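In what follows, a single structure is set out as structure tokens and then discussed.
There are 2 protein chains.
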Amino acid sequence: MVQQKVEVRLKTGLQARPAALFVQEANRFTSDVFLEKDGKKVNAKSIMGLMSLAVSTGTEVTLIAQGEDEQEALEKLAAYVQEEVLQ
Amino acid sequence: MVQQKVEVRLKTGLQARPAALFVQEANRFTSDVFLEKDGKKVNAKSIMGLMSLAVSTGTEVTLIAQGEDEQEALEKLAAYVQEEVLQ
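Residue numbers (the entry's author numbering), protein chains in the order written: chain A, 1 to 87; chain B, 1 to 87.
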């Protein structure tokens, strides 16, 4: 048996389950939603799109919502992304 | 339209493409190969397994190989994970 400590230099992104639950929450709203980081914007109602953004836990991203209920959508989704969901 | 810069506290992991290439390389070896971090261990010959470990680009993890070709497996995969290239 052998082992070696290594630095992950490969690209990371949101894991599948939290991306899928983010989309379930976003689906409760009619607004379109996006995430953007460093000039790359993805459709936040797409699990594959969400997972494609290069992100690491603790990093900053910009959440964007546009539509009739955009204000409510943004508040719910910001809480979700920041792990500050209300009871 | 409304926007908000938020901190991503959700879990992240390897993206699909880099995990698929990791598995393509790992499957060539007879040794069992795992990635381990904070007491969680995943199979490096599994795309969904690799993607299930919480990691961020830059994070240090432990690569483990056990088997007849464990040394060559460790060497090949450590180079892959760390984005190291041949002279």
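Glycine included, C-beta positions come from ideal geometry on N, C-alpha and C.
Along chain A, in chain order, which residues have C-beta atoms closer than 9 Å to that of residue i?
i	result
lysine 76 of chain B	The premise fails here: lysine 76 of chain B is roughly 12 Å from chain A at the closest Cβ pair, so nothing lies under 9 Å.
Taking 8 Å as the cut-off, decide whether the C-beta atoms of residue i and residue j are in contact.
i	j	result
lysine 37 of chain B	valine 8 of chain B	no
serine 31 of chain B	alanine 73 of chain B	yes
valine 61 of chain A	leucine 50 of chain A	no
Assuming residue i contacts residue j under a Cβ cut-off of 8 Å, what Cβ separation, rounded to an integer in Å, is found between them?
i	j	result
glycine 13 of chain B	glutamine 15 of chain A	5 Å
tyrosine 80 of chain B	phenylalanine 22 of chain B	6 Å
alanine 65 of chain B	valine 2 of chain A	6 Å
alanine 78 of chain B	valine 6 of chain A	5 Å
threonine 59 of chain A	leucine 10 of chain B	Between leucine 10 of chain B and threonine 59 of chain A the Cβ distance is about 11 Å, and since that is not below 8 Å, they are no contact.
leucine 63 of chain A	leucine 35 of chain A	6 Å
For a cutoff of 8 Å on Cβ pairs, would you count residue i as touching chain B?
i	result
residue 88 of chain A	The structure shown does not extend to residue 88 of chain A, since chain A is modelled only from 1 to 87, so the question has no answer here.
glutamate 68 of chain A	no
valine 81 of chain A	yes
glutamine 71 of chain A	yes
Can you pull the chain A neighbours of residue i, defined as C-beta to C-beta under 7 Å?
i	result
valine 61 of chain B	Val6, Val8
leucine 14 of chain B	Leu10, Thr12
Starting from residue i, find everything on chain B with Cβ-Cβ shorter than 7 Å and list it in chain order.
i	result
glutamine 3 of chain A	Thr62, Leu63, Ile64
Does any CB atom of chain A fall closer than 8 Å to the CB of residue i?
i	result
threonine 30 of chain B	no
> What residues in the segment 32-57 of chain A bring their beta carbon closer than 8 Å to a beta carbon of chain B?
Replying inline: Listed in sequence order: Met51, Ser52, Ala54, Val55, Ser56, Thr57.
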